């Protein structure tokens, strides 16, 4: 069952913004959100798509393992951290689009389409260019649909090998301390309106797991830090993390 708490809207409006946070308590099988409608509205996944893309690349052998080096192609781009060699871990960490565009080209349209259907991922629609459809093509996914997909990944239930799923969860590692572990991926969609930022993932505790998926209006890049900051403030308010 689902509960809506409209008072949580203050986390976004206090920053002159609008968005949705969706939380899922795995032990209790209960969900919570500030806005049930927006929780089910589908947006471009943008760099959150690097989760399924990594899985497919690993399972087909396009990527050998998390140490394989993807050499910079020598084209200077405006994100300094993209102008260097990467492996799967650093490509995830710095959301290196051109590395994942090469993954998608080697995966190919037919295998990509099949695998997203097998994952039940969003609207499963890869219309557009095979190396950019998650940025400006036809694929869409909602916050609740992100949760459904992430829960399968957590439980090793996606239709790829256990190894592929373990490696991607390693690459999602974002934060860890004595109190919790966060595995997550950010996203920033700008090529189609409305411009939004994403943060999706989960929080591991000693005896429970809380899945989360959030998106928020993002008219400029100045607010990107709000994706993680707001989410962690909700988690702290609900006493999930200290």
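Numbering follows the first chain given and starts at 1. We call the rigid core the largest set of C-alpha positions that still match within 1.5 Å between the two forms.
Visitor: Core fit done; bigger CA RMS in 7 other deposited structures of this protein for 12-20 or for 222-230?
Guide: Most displaced of the pair in 7 other deposited structures of this protein: 12-20.
Visitor: Decide which of the stretches 162-170 and 125-133 has the higher mean C-alpha B-factor, going by the entry.
Guide: The stretch with the larger mean CA B-factor is 125-133.
Visitor: Taking the recorded C-alpha temperature factors, which stretch has the higher mean, 116-124 or 85-93?
Guide: That would be 116-124.
Visitor: Among 46, 203, 55, 42, where is the Cα temperature factor highest, going by the PDB entry?
Guide: When the deposited C-alpha B-factors of 46, 203, 55, 42 are compared, 42 is largest.
Visitor: Quick one: which of 99, 147, 141, 80 has the biggest Cα B-factor according to the entry?
Guide: In the PDB entry, the greatest C-alpha B-factor among 99, 147, 141, 80 is found at 80.
Visitor: Using the temperature factors of the C-alpha atoms in this entry, rank residue 104 within its chain: lowest, middle or highest third.
Guide: Residue 104: CA B-factor falls in the middle third of its chain.
Visitor: C-alpha B factor of residue 230, ranked within the chain: lowest, middle or highest third?
Guide: CA B-factor rank for residue 230: highest third.
Visitor: For residue 182, return the chain-relative third of its C-alpha B-factor as stated in the PDB record: lowest, middle or highest.
Guide: For residue 182, whose C-alpha B-factor we compare with every modelled residue in the chain, the answer is the lowest third.
Visitor: According to the PDB entry, is the CA B factor of residue 191 in the bottom, middle or top third of its chain, that is, lowest, middle or highest?
Guide: For residue 191, whose C-alpha B-factor we compare with every modelled residue in the chain, the answer is the highest third.
Visitor: Comparing against every modelled residue in the chain, figure out the third that the C-alpha B-factor of residue 63 lands in (lowest, middle or highest).
Guide: Middle third.
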